[PDB]
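Q: One line per chain: the protein sequences are A and B, in this order. Numbers 1207 to 1403, 1408 to 1420, 1427 to 1444, 1446 to 1567, 1573 to 1610, 1617 to 1635, 1638 to 1749, 1753 to 2009, taken from UniProt numbering, label the letters of the first sequence in order. Using UniProt numbering, the first residue of the second sequence is number 2412, and each one after it goes up by one.
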Amino acid sequence: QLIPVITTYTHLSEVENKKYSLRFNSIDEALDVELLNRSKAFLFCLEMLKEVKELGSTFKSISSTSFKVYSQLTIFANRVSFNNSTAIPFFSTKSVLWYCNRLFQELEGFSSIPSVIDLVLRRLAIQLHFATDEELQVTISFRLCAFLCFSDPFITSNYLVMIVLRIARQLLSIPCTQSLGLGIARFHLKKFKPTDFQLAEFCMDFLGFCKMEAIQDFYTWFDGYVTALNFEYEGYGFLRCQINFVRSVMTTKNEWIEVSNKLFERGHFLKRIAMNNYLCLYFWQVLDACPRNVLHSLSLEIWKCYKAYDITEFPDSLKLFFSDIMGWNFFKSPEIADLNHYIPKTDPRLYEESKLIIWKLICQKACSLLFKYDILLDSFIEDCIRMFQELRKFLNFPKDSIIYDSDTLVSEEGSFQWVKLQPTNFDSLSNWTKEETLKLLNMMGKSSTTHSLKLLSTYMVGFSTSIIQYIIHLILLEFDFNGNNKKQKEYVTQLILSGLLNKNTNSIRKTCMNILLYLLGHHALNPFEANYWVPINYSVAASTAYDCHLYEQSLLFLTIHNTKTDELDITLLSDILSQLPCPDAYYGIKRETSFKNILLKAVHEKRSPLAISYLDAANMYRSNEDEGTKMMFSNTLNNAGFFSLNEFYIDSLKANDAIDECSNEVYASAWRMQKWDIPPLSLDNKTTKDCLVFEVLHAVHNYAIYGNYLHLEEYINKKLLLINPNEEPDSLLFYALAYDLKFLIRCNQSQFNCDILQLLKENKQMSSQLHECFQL
Amino acid sequence: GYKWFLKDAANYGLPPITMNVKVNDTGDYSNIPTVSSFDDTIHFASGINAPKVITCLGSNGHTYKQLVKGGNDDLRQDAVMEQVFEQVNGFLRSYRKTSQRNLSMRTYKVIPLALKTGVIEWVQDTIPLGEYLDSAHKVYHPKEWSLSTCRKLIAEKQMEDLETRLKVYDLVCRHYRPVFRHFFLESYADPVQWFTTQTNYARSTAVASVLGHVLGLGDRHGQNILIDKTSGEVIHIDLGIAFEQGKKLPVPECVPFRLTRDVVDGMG
């Protein structure tokens, strides 16, 4: 050991001699020899930083015109060199360069495989450590850039281009290093273009922070070259728009229309939004500076993406801007209701044949796994994929060009000395029941590579959770129906049983449940037998159903149990349909005759007729003594259609000490009496819809009483400041209220929208459907 | 005439033999979809004789197949009755507080070929009404009485007796099974899909009779009827005799309403 490091050291000591002795002896058939070459590369990297001159003099002769030109290019973009250097000098970096010349001359193309290059990338990654001194970081970064300059043609692989891409994230720490990474991307672009089937990553390859303005200008030039693809504009990243945005030059109108049309054609624009930090860029970060003609003439789907591209953050300007941007198109062609056509996801499609799909999907998901994580987390999960070697022809399923790079050559662990293992940074506990499922899979000693992968996933960032999300089906498939008779069958059934009683993981239990639903299947005559095979109990099924709180699960499930049982569990389906939105319900079960049944007939359909025939009678309701009907009659007062009978009913509750100064009835009254003196609820309230209205009203009333239009606008903007857009029912339901109020305040005419009348003329649907939405 | 029709179709864009072409008020015929050449094989119509079916790639290319029919049915009147059903369907569209729910209709407009000749156009995607899981009863029933035995029971008393028909139904009771669900079972696994399909198809099969006794048109004969396997909902076409003219048959139509008891068994 350390002999190659000894050679690297003696290289500086030697004068006017270049000698290579015993290079890759004991020819690399075992991991030992190429591993020694890799240890040599690591020793040379340690030579590159702080053993090569930290240098207050970046100036030198690389001893080669091409190598020196490459170094100059690497430092070129916004070159501000020559900072002060480190303390201890060991040797001149010139000797390091002289040794690296023969090192590149050495091995005759051997060791260029991904192992050594990935080792170098890991050396930089540890070098790209999270936090340290700025100056030492700069010196080590100069070393890293020089090592990048020590990249032969052997770095031609696409994985090397991806490493170059990660280098830009590494540079995100510093601006001059950011320009260095920009130049590195420029260098990599030659390899980047060869992609035939990364463009998504480029889709926002922008630095919103944004001296060296011409650096951004040449960046725009390089982006145009990327569009000059000239042959292929179908990739259609946001690039033209972003180049315009940085360029402060508006785009062409026809070009704008094309940009609009392309995004929907993307089909992964949902994933485009999914990048949260990307989002505030993506919803017109600088495209918010455009005409209302530009806003409207575009594809409406921009506006139509409501409840999708969440503002986890944005500028205050951005918040106001989007709150605005909804309405001015929203009034025209509004839409709320949605269908539920899902991915077919049919379990039967054509036994190793069944096992064929699962590992192929796992391989497909591995690429996404290598995508979204820390710049270094990747290798910890790579090994099992390399471990998974036996040729299951799974590489044939993935891309062959992708397969060849991680071909074989010495399998070197990413851990190196294992200090570079996962530093336990940002431990995540989300999907803990998925971790329990991972423990269940660990109870099964199925596969050599897969169990170690699962353990790493446990050490990894929810990678077992990511696996369960990717395979909620294939996981139990390994567990269950793995063969004609599987010992894990009883375990799978028991797991179903234990998960049946779950609480606060009811989503996870339901995930297990539909996974059971994925057990659909092949080689079976009876779908009823399919209901039979996986573990399930109609009693437990209805338990889950009552647990669902969502109408989706119960419907066909009742019929399935009916095929299984048909026993009329009276309360169940009744509670289901009765508490089901959409008017098609409310008659499923037979009626239990009663005066209270008359009341129920009044309420569930919200029957306008017989306004209070349930309030009292000849001999029935004078002394019922139940307060649930008190809520029922509160609802009746709401539904009376007479705002004045209910206006007095506001007092009819005011006698009752049930208001607690914050009542949906009392708030409705606030909407009602025009009582500008009636005191409204608190503006600091979180999201209460009635309260939202009460605030809007108190505000407008002040807008009457006080003078300052800016003061009214301040009240309005503050009121709207509460997070509307996401994770609540009534966002738009508060959206344009001031979009009307202020416009009315604006210039002495009626409301800005012409009249909801012509819209109702063309509406053709009451909510835009059964009038669940469009009213009030 | 092997080549002539295909040759003639290519040069001049022939108006579609089957056309759901709601032309404009101007009514101009410029850019209707056009098909140049016929398909390789013409499947026979399911019937006594082999009537052909015609299909080809569209101008947009989207499939538009059809099947011609043999015989001599006088369906210009049936065409008018279908148009009447359609106007009733528009009426169904005309009622708010019914506006939200879709109105059940699926027209079958194929002009007759001649006074004693007809050319029909099958619905784009369809199935025979009971065909879906028709034989799955055998799948549903490992043990069951023969449908041929049931026919024997039916023919046992064409003459009507109070005891005889009741005893025949008593025989039907033990043999039959409430097994009408499976064809409606494996349709789609999407979450809201089941709740979507069933109420829809029920309202559909209801709308049939809803127009029906008003028209008093069609004996819902299993071969005559149609059920839409693809739709996740139902639709029927091709009715022939009508206006409560049950007197033509040896027994007038003993159909107070469409006996959709089996589809009812798709109870949810």
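Backbone N, C-alpha and C define an ideal beta-carbon position, used for all residues, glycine too.
Of the choices B:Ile2443, B:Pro2667, B:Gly2438 and B:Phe2606, whose alpha-carbon is the least far from that of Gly2643 (chain B)?
A: Of the candidates B:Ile2443, B:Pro2667, B:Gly2438 and B:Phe2606, the one whose C-alpha sits nearest the C-alpha of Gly2643 (chain B) is B:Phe2606.
Q: What are the residues in the stretch 1792 to 1803 of chain A lying within 8 Å of chain B by C-beta distance?
A: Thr1792, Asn1795 and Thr1796
Q: Could you tell me how far apart the beta carbons of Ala1969 (chain A) and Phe1610 (chain A) are, in whole angstroms, since I believe they sit closer than 8 Å?
A: Not really, about 55 Å apart at Cβ, beyond 8 Å.
Q: Quick check on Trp1909 (chain A): buried or exposed, where buried means 16 or more other Cβ atoms within 10 Å of its Cβ?
A: exposed
Q: Mind checking the stretch 1541 to 1567 of chain A against chain B and listing, in chain order, the residues whose C-beta falls within less than 8 Å of any C-beta there?
A: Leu1556, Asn1557, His1558, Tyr1559, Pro1561, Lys1562 and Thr1563
Q: If you drop the 5 nearest sequence neighbours on each side, which residues of the same chain put their C-beta closer than 7 Å to that of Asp1849 (chain A)?
A: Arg1855
Q: Determine the DSSP secondary structure at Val1476 (chain A), reduced to helix, strand or coil.
A: helix
Q: With 16 other CB atoms within 10 Å as the buried threshold, where does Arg1739 (chain A) fall?
A: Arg1739 (chain A) comes out buried.
Q: Would you say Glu2644 (chain B) faces chain A, with C-beta separation under 8 Å as the test?
A: no
Q: Nearest by alpha-carbon distance to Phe1500 (chain A): which of A:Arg1509, A:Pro1508 and A:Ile1490 is it?
A: A:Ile1490
Q: Among residues of its own chain, excluding the 5 on either side of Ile1603 (chain A), which ones have a beta-carbon nearer than 8 Å to its beta-carbon?
A: Excluding residues within five positions, the ones whose Cβ falls inside 8 Å are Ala1588, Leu1591, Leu1592, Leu1683, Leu1686, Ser1687, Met1690 and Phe1693.
Q: Give the interface partners of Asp1817 (chain A) over in chain B, defined as CB-CB distance under 9 Å, in chain order.
A: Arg2512, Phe2606, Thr2610 and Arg2614
Q: Output needed in chain order: residues of the stretch 2552 to 2571 of chain B with a Cβ under 8 Å from some Cβ in chain A.
A: none
Q: From B:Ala2461, B:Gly2679, B:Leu2468 and B:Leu2486, pick the residue whose C-alpha is nearest to that of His2593 (chain B); which is it?
A: B:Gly2679
Q: Cβ of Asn1478 (chain A) versus every heavy atom of the ligand ZN: is any distance shorter than 7 Å?
A: Ligands displayed in this structure: none; no statement on the ligand ZN is therefore possible.
Q: Determine the contact status of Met1999 (chain A) and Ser2515 (chain B), defining contact as a CB-CB distance below 8 Å.
A: no
Q: In its own chain, which residues sit with a C-beta less than 7 Å from the C-beta of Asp2489 (chain B), not counting the 5 before and 5 after it?
A: Sequence-distant partners of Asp2489 (chain B) (beyond 5 residues in either direction) whose C-beta falls short of 7 Å from its own C-beta, in its chain, are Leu2650 and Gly2651.
Q: Residues in the same chain with beta-carbon distance under 6 Å from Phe2668 (chain B), minus the five sequence neighbours each way, listed in chain order, please.
A: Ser2620
Q: Mind checking if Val2550 (chain B) is an interface residue toward chain A, Cβ cutoff 8 Å exclusive?
A: yes
Q: Name the one or two DSSP bridge partners that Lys2480 (chain B) has.
A: B:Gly2529
Q: Does the beta carbon of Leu1309 (chain A) sit closer than 8 Å to a beta carbon anywhere in chain B?
A: no
Q: Smallest Cα separation from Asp1923 (chain A): which of A:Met1906, A:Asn1897, A:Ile1560 and A:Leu1930?
A: A:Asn1897
Q: Checking contacts by CB at 8 Å: is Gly2679 (chain B) closer than that to chain A?
A: Yes, because at least one Cβ of chain A sits closer than 8 Å to the Cβ of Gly2679 (chain B).
Q: Quick one: list the residues of chain A neighbouring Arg2576 (chain B), beta-carbon separation under 8 Å, in chain order.
A: Those within 8 Å of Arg2576 (chain B) in chain A number zero; the least Cβ separation is about 28 Å.
Q: The alpha helix (DSSP H) spanning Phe1761 (chain A) covers which residue range?
A: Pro1760 to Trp1766
Q: Select from A:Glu1235, A:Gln1207, A:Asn1284 and A:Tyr1305 the residue whose C-alpha is nearest the C-alpha of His1217 (chain A).
A: The residue with the shortest Cα to Cα distance from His1217 (chain A) is A:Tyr1305.
Q: Specify, as a first and last residue, the run of the alpha helix (DSSP H) that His1837 (chain A) falls within.
A: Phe1828 to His1837
Q: Less than 8 Å between the C-beta atoms of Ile1597 (chain A) and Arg1375 (chain A), yes or no?
A: yes
Q: Between the beta-carbon of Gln1384 (chain A) and the beta-carbon of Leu1377 (chain A), is there less than 8 Å?
A: Contact: yes.
Q: Listed from N- to C-terminal order along the chain, which residues in the stretch 1827 to 1845 of chain A have their beta-carbon within a distance smaller than 8 Å of any beta-carbon of chain B?
A: From the stretch 1827 to 1845 of chain A, no residue has a Cβ closer than 8 Å to chain B.
Q: 8 Å is my cut-off, CB to CB: does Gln1812 (chain A) come that close to chain B?
A: Not an interface residue.
Q: Can you check DSSP and say which residues form a bridge with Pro2539 (chain B)?
A: B:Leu2637
Q: Please list the partners that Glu1785 (chain A) has in chain B, where partner means a Cβ-to-Cβ separation under 7 Å.
A: Within chain B, the residues near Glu1785 (chain A) are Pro2602 and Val2603.
Q: Against chain A, does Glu2542 (chain B) count as a neighbour if the rule is that its beta carbon must be under 8 Å from one of theirs?
A: No, because no Cβ of chain A sits closer than 8 Å to the Cβ of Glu2542 (chain B).
Q: Are the C-beta atoms of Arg2592 (chain B) and some chain A residue less than 8 Å apart?
A: yes
Q: So, is the C-beta of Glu2597 (chain B) closer than 8 Å to a C-beta in chain A?
A: yes
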